[PDB]
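Coordinate analysis (summary)
This is what each chain is made of:
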There are 2 protein chains.
Amino acid sequence: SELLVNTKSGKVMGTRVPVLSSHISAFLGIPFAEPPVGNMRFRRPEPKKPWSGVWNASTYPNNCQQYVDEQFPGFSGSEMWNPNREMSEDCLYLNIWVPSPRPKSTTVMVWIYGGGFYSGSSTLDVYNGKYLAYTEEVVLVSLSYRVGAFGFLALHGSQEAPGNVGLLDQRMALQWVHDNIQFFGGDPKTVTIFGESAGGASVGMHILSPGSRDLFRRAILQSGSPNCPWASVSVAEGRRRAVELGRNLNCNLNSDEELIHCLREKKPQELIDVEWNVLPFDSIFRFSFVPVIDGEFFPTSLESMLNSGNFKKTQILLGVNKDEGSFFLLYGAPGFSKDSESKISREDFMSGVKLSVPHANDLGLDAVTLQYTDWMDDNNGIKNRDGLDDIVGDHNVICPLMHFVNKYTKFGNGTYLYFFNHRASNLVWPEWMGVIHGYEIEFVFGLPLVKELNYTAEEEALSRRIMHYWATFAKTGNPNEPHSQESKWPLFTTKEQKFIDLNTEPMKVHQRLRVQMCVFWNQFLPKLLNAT
Amino acid sequence: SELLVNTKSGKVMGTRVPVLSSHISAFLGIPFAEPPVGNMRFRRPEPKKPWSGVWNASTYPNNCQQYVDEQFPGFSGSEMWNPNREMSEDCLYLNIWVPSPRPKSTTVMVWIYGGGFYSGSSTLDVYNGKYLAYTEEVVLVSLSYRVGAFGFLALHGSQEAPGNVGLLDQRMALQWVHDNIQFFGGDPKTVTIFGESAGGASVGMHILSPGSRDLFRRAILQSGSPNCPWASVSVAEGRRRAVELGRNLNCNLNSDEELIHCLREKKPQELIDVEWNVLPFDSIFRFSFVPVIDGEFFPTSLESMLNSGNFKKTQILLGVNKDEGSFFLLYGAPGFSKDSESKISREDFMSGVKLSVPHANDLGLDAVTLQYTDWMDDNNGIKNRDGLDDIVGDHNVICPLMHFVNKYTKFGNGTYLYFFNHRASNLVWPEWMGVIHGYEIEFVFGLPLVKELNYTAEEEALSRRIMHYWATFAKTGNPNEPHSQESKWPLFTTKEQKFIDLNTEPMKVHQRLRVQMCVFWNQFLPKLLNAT
Ligand SMILES: COc1c(C(=O)CCC2CCN(Cc3ccccc3)CC2)cc(Cl)c2[nH]ccc12
Ligand SMILES: COc1c(C(=O)CCC2CCN(Cc3ccccc3)CC2)cc(Cl)c2[nH]ccc12
Ligand SMILES: *[C@@H]1O[C@H](CO)[C@@H](O)[C@H](O)[C@H]1NC(C)=O
Ligand SMILES: *[C@@H]1O[C@H](CO)[C@@H](O)[C@H](O)[C@H]1NC(C)=O
Ligand SMILES: *[C@@H]1O[C@H](CO)[C@@H](O)[C@H](O)[C@H]1NC(C)=O
Ligand SMILES: *[C@@H]1O[C@H](CO)[C@@H](O)[C@H](O)[C@H]1NC(C)=O
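Residues numbered from 1 in each chain as written, not as in the entry; some residues may be left out. Chains lettered and ligands numbered in written order. Heavy atoms only, no water.

Per the deposition metadata, X-ray crystallography was the technique used to determine this entry, at a resolution of 2.200 Å.

This is the structure in structure tokens:
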């Protein structure tokens, strides 16, 4: 029937879900790998072995084992990001929304969640695929992957804990879509991968990785790129943190095998409790277990690959939010509070930039401070707050992304760049936090289309316009409908470097997104640190 | 007799000069030292031996030997600064303007000319003392001093060419005023020294040097300060340049005595012809022979003296012009012309910063370039022109002075700071050059009171305001007359750092003169250049 689909691995039975006074098909919790448990902890994923009978794909899967945020208990602004299903190492599943009736060979979009590579679930309310799948008539997949040590513990040289297995989980899920999505009405030749933060970085890493390039058509990157400073580590640093993880848990450290055997004996939560203890610095926007530049998933350094054009050549559509940094200041920097304006003293500012740029020498910290301090007014608590906000955002998200876009556009076949700066009317976070990291996601998934969610009429229109941009781009490689009286989102080009605002107001075109600060972050600071 | 005066060195006869429909006494070209000729070239000055009979002090003396600017033959804009008298090494004279009838014991101001320590004359039209002396009823002295190699050849250790002898010439003229000025109606206890550019640096150097402090009461510094990057050199560098001077003249370089003897045998013009060839780099706003940090005239480093409060504690009044840099770009940097808007290409902007900051390494050049470039609009010839203008002025004049004023005020007895930003109605230079280095001088000396010079009525008013500020400061240590009705020029204080604009409009008070850039020039850049 329509809800019963035979895949190369066995039969699965979906369920009929409502969506905005209508219905579509949903196949939830489809297994794409063998449970990476016991002796398979830290190991590359193995394809799911075929099953007899009918897989009950009627409900969401378990979430992967991860740090859970208990900073603000009962608070929806933080808890909406926490696992809303049981956590288990048995977590390699994907979800699929198929429009009803089932289309023939339609555009496919595959969502990859963010969460700093240490967290994230495919099952969050804001990742509910039904609205975008319905509205834009696309087949929408959300995958999952191992996070934290389970996904990114790297002991380079070992085949038992090689590193990057979380990215390989993602690849295996893509490979699965390639092989089976036709049976769901999806065109395997027109798959768009897209994701936010760590998910956006992930999408770009698959653009770079030879082993992933043939498993998708184009890419959307939201608030993340593969070259972000928090997104990868060297094999040496991966190993250092892996060894230090052992030390924290009183493991044998004589050899990888002994270290790994010991770590495989520990309950999941034991690992998580000490996860953050392996970071080299007091820091914000830094995460312990992340992709390693290993010479295998990544042939060489990310920079040289971008320089030599060694990467998938296709259309990309990508962008950032206005205040990427504020979330992370809230959690790790002095003077910030969810419940106040968070006017920042001069002392707390100094402390902040040190946390934000953990790896800089004193000269580097002075350079950053100078660049973001108004010396006619240096005791302005507000300017100090917003400056720290800009620093965290520019350095971790916006300028790394701009570096990527400029390198990619030299070789790619089309670039569309956006700047999302709408502040949602129903936000539960304080005003000072602005347009927060992650909060364009609810618009991309069409949450504003839901009456009871109490968005404004113009917010619903924005969501629809954004969904159409995303879906239309996925279908054709161009967010603009070829017809259309409506205004046009211009190509980003090496010379003119155009981008658009995304907000409730009529579209404006600008050029050179934060070029001043990004010259500092991308050219001058790196040269300063290397010289001193 | 009003014009006949007996000094400690001998009798002197002045001339009666008209001034603005009245008259005053002038004593022109009084000798204060032995001619620094023959075997006394490069030597410390010696007091003028007493003479018999009456010195005719009715005409200006010769100007010291110096480079003559022939860039723009016939052009008053550059020629007003060249020697208007025959040049001679026999040039250590001073001039005095005395109110008629002779004051009993009135305020004295002593003018020290600028000219980068390589040029200058006491006899320039724009230094004519009669207008200020007459209008404000002060005894005005203008001294002279050896410039270029003749004044500042430094071979530390040698007693034949010790260095700083031009500063000692200044001191000797000050000592003369101390000893003789009472005979002219002046109070040797209320002497203000004032000077512009090199003259302003000089003044600050007398504030610092123990040997000078007791020879004056207060100080005015215009567009120059002792700590300017062009205003001094180390004994090592001063030696290198002295030795390089000999090499450029085929001199015996084996010893100081031989080198010196060779150099004493050359015509003045031979020295001058090769003067510029000893500079370390291609540069603008750099001069070959300047004060040395010797351990004698300056006991220790200028910075350590400023830090320890090792200097004269008195009142100062100092300031800068809006476009200090423009004169120097015109002469040395590519793309600048007296007869065009001088829109500067990006390539010429790069060339300009390198010329402007010749000691910086590549990291430093990048820093400067970043700090003065609008990267949304880097090919704007205007912003590039003005940017380079600001670079030269901030680095060479404004920020050195701001460092001095901040350091000094922590110990001094009163600081008044100004920002001169009036472009004169009858300027012969192009508009792009703005408010030029040196062009507040004609206001301080009251030229706009001369109706034939065709200044506006409001420019005459401005001049009168400025002359009254300078003179009232000279008399009392405060440019303001309390009990008066006019706007008050506030003290510069460590906390509030207030300063005023000098122009034709109602007074405005501002705070933190160019803080942002001067933090860069005074704190950040030196830290960057010191690391490797
Ligand atoms: C600075 O490093 C940290 C963090 C963070 O990284 C920030 C916390 C929030 C970062 C955004 N999350 C929401 C989100 C999720 C997926 C995509 C987009 C947004 C929620 C938590 C947290 C904790 Cl608990 C830390 N403990 C020590 C150090 C540290
Ligand atoms: C011919 O001069 C130079 C320079 C200069 O720095 C010239 C700029 C001055 C030109 C006339 N001055 C007028 C003035 C005098 C007293 C107070 C205020 C303003 C001041 C700026 C540099 C180099 Cl590298 C040169 N090489 C040969 C020759 C020459
Ligand atoms: C699938 O699971 C849900 C509950 O987990 C159950 O209600 C439903 O009946 C199951 N489907 C089948 C075919 O057993
Ligand atoms: C994409 O490729 C086609 C064919 O190679 C080319 O004609 C087109 O100009 C390219 N588009 C962009 C935006 O680079
Ligand atoms: C002094 O010099 C002036 C100017 O040359 C001259 O006119 C005057 O006669 C001279 N005075 C005496 C007493 O020689
Ligand atoms: C200057 O010094 C005098 C003498 O002690 C003192 O009374 C006065 O307060 C000082 N003024 C300033 C502005 O420092």
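1. Thoughts on the relation of the copies chain B and chain A
Each of the two chain copies can be generated from the other by rotation about an axis followed by a shift along it. Of the transformation placing chain B onto chain A, the axial shift is 0.2 Å and the rotation is 180 degrees, giving an RMSD of 0.2 Å. Each copy turns onto its partner about a two-fold axis. When C-alpha positions in chain B are compared against the rotation axis, the closest is assigned to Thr532(B), at 1.8 Å. (Least-squares fit on C-alpha atoms.)

2. As for the side chain of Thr314(B)
All names here are of chain B. Following the sequence through the fold, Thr 314 ends up in the loop between α9 (302–308) and β13 (316–321). Polar contacts involving the side chain of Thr 314 include one to the side chain of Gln 315, which spans 3.3 Å. Aside from chain neighbours lying at most four places away, what touches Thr 314 is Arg 217, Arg 218, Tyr 408, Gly 412, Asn 413 and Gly 414. (Helix = DSSP H or I, 4+ residues; strand = E, 2+ residues; numbered from the N terminus. Polar contact = N/O pair within 3.5 Å; in protein donor to acceptor, adjacent residues only side chain to side chain. Contact = heavy atoms within 4.5 Å.)

3. Overview of the UniProt feature "active site" in chain A
Residues and elements named next belong to chain A. Summarizing the sequence annotation, UniProt attributes the feature "active site" to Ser 197, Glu 324 and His 437 in the numbering used throughout. Of the residues just listed, which span 241 residues, no C-alpha pair is farther apart than 9.8 Å, and they cluster in one region. Within the element layout of this structure, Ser 197 appears in the loop between β9 (186–196) and α5 (198–208). Judged by relative accessible area, which is 5%, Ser 197 ranks as buried. Not counting residues within four places of it along the chain, the set of residues in contact with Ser 197 comprises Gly 114, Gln 222, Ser 223, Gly 224, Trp 230 and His 437. Tracing the sequence through the fold places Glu 324 in the loop between β13 (316–321) and α11 (326–332). For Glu 324, the residues in contact, after removing those within four places along its chain, are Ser 223, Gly 393, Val 397, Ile 398, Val 435 and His 437. There is a polar contact of 2.7 Å between the side chain of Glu 324 and the side chain of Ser 223. (UniProt positions renumbered as here; feature names shortened; annotations may be inferred. Buried < 20%, exposed > 50% of the residue type's maximum accessible area, 1.4 Å probe, protein only.)

4. Details of the site of ligand 1
Residues and elements named next belong to chain A. The immediate surroundings of ligand 1 are formed by 14 residues, with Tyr 67, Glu 196, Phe 285, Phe 287 and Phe 328 found nearest. Burial of ligand 1 by the protein chains amounts to 86% of its free accessible area of 630 Å². It is α11 that contributes the most residues to the shell around ligand 1, three residues altogether. Here the shell around ligand 1 is composed, by residue class, of ten nonpolar, three polar and one charged. (Near = heavy atom within 4 Å. Areas by Shrake-Rupley, 256 points an atom, 1.4 Å probe, with all protein chains shown as cover. Nonpolar A, V, L, I, M, F, W, Y, C, P; charged D, E, K, R; others polar.)

5. Things to note about a nonpolar patch on the surface
Among the surface-exposed residues, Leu4(A), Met13(A) and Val54(A) lie close enough to one another that they form a single nonpolar patch of about 220 Å² accessible area. Relative to the helices and strands, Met13(A) is located in strand β2 (residues 10–13). (Patch = residues over 30% accessible without salt bridge, like charges linked within 9 Å, V, L, I, M, F, W, Y side chains within 5 Å. Salt bridge = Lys/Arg side-chain N within 4 Å of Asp/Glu carboxyl O.)

6. A closer look at the site of ligand 5
All names here are of chain B. Ligand 5 sits among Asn 56, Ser 58 and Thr 59. The separation between an oxygen atom of ligand 5 and a polar side-chain atom of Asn 56 is 2.4 Å. Between an oxygen atom of ligand 5 and a side-chain N or O atom of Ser 58, the distance comes to 3.0 Å. Contact with the protein chains covers 22% of the free accessible surface of ligand 5, which is 370 Å².

7. Focus: the packing of helix α6 (residues 235–247) of chain B against helix α7 (residues 256–264) of chain B
All names here are of chain B. Direction vectors running N to C along α6 and α7 enclose 55 degrees, while the axes themselves pass 10 Å from each other. By the angle between their directions, the pair α6 and α7 is classed as oblique. In terms of crossing hand, the pair formed by α6 and α7 is left-handed. Residues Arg 239, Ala 242, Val 243, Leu 245 and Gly 246 of α6 form the contact with α7, whose participating residues are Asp 256, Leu 259 and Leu 263. Tallied by class, the residues present in the contact of α6 with α7 amount to five nonpolar, one polar and two charged. (Axes fitted to C-alpha atoms, helices over the stretch in contact; angles between N-to-C directions. Parallel < 35°, antiparallel > 145°, perpendicular 65-115°, else oblique. Left-handed = near helix turned anticlockwise from the far one by under 90°.)

8. Considerations on the interface of chain B and chain A
Facing the 22 residues of chain B at the interface are 21 residues of chain A. The contact between chain B and chain A buries some 1800 Å² in all, and 66% of this surface belongs to carbon and sulfur atoms. In terms of surface lost to chain A, no three residues of chain B exceed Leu363(B), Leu370(B) and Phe524(B), which account for 32% of the buried area on that side. Applying the counting criterion to the chain B and chain A interface returns four salt bridges. Among the ionic pairs, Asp378(A) bridges to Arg512(B), the shortest N-O distance being 2.8 Å. Taken together, the links from chain B to chain A amount to ten residue pairs in polar contact. (Buried area = accessible area lost by both parts, 1.4 Å probe.)

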